[PDB]
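Data first, discussion second: the structure below is written as structure tokens.
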Amino acid sequence: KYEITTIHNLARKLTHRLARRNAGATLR
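Residue numbers (the deposited numbering): 1 to 28.
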């Protein structure tokens, strides 16, 4: 599963960027 682990890791930065938008992600 080194192919799925590497492909899923390449798109991990997007999870950290959106993870920040939480305190203001309650309104909507």
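We treat Cβ as the ideally placed atom computed from N, Cα and C, and that holds for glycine.
Euclidean distance between Cα positions of residue i and residue j
i     : j     : result
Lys13 : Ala19 : 10 Å
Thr26 : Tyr2  : 36 Å
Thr6  : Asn22 : 27 Å
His8  : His16 : 13 Å
Any non-hydrogen atom of the ligand ATP within 7 Å of residue i CB
i    : result
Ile7 : Ligands are entirely absent from the displayed structure, and the ligand ATP is therefore not among its contents.
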